[PDB]
């Protein structure tokens, strides 16, 4: 099979070309369940979730998910639409610090994603906004219902990877992953409770 499903702790080199190594690292249980329960409640209630207008392939649409931003915002993104808050919620500051102290990598930008139910999603894309630089390090922490993080390798051989992201799981993407792969979170065809995802990035001048 040209497809792999990964739900185990580990470091995975999913491809070595054409750009270089694409690496994803999975840490299930990074936040234990009872603390993850409490974090989910606080973020659900306190983050200023909005359904925002997006563009993809130069055309404007309402995203099928709620979002909010903290810290730095990727430079080609609209400040007026995305409303990034320079004041981090204390739970989000704690989680930022925990991820940084444990992974050794720093971040200055946070996109909060809320998938309200199975009809919410994000379509195929790469995190290749240019103010992220070449080969960015991106950390993803999930709470709430499990949803699937799908990956597909771009054309010029396992060429598809699926990662269920369950409650308290940390995912890191680094290396050539954004140059050589796309990812999405598909809609589901059975009921899903809400999911909150936190995606931490570094935005540069």
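Numbering follows the first chain given and starts at 1.
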item: Count class of coordinate-free deposited residues lying between the neighbours residue 156 and residue 157; value: 4 to 9
item: Stretch with the higher entry mean CA B-factor, where the candidates are 57-65 and 26-34; value: 57-65
item: Comparing 77-85 with 113-121, the one whose average Cα B-factor in the PDB entry is higher; value: 77-85
item: Highest recorded Cα temperature factor - choice among 167, 152, 52, 147; value: 52
item: Chain-wide C-alpha B factor ranking for residue 195, given as lowest, middle or highest third; value: lowest
item: Ranked C-alpha temperature factor of residue 15 among modelled chain residues, by third; value: middle
item: Chain thirds of CA B-factor: placement of residue 131; value: highest
item: Cα B factor band for residue 106 (lowest, middle or highest third within the chain); value: middle
